[PDB]
């Protein structure tokens, strides 16, 4: 996998170039904001079971046929498998936020997942809707202004969002 720093390095090495002054300053800027990054990872990580539970509730309210008999989340084994996938995707998302790069999420979670779901008959469209509900629950938790030093985490929340959206696009 790559993190934000080795991502920049690998693109440079491919051109045989040193990292430019501009790219270095871009990474410094990311270093300056890194407490905020680590808060988001901490907050999402520590509220993982709540984000999964609430997203699942909202998905099934929106899509009740998923868990009526004959639905693909009906029966405890399939419901549990569904919740487990939601947790797994949330975990890879927290890894992308921490490293500041999507590659861990792409390489170890999303690549091949669409194909896995179609071979199984899992409705990818509904998985995508579940991921979006986790996005909303997760960003509300990560960007909560209580119990934290006050400041602007706008770009960071957009970044978090883009990792959830990548997961939605990989299966939807």
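Positions refer to the first chain, counted from 1.
A.B. asks: Looking at the deposited entry, does 28-36 or 63-71 carry the larger mean Cα B-factor?
C.D. replies: Between 28-36 and 63-71, it is 63-71.
A.B. asks: Of the two stretches 54-62 and 137-145, which shows the higher Cα B-factor on average in the entry?
C.D. replies: Per the PDB entry, the higher value belongs to 54-62.
A.B. asks: Looking at 150, 162, 154, 10, which has the highest Cα B-factor in the entry?
C.D. replies: Among 150, 162, 154, 10, the PDB entry lists the largest C-alpha B-factor for 10.
A.B. asks: State the tercile, meaning the lowest, middle or highest third, of residue 91 with respect to the CA B-factors recorded for its chain.
C.D. replies: Lowest third - that is where residue 91 ends up once the chain's C-alpha B-factors are sorted.
A.B. asks: Against its chain's modelled residues, does residue 167's Cα B factor rank lowest, middle or highest third?
C.D. replies: According to the entry, residue 167 has a C-alpha B-factor in the chain's lowest third.
A.B. asks: Lowest, middle or highest third of the chain for the C-alpha temperature factor of residue 45?
C.D. replies: Residue 45: CA B-factor falls in the lowest third of its chain.
A.B. asks: For residue 120, does the deposited CA B-factor place it in the lowest, middle or highest third of the chain?
C.D. replies: Tercile = highest for this residue's CA B-factor.
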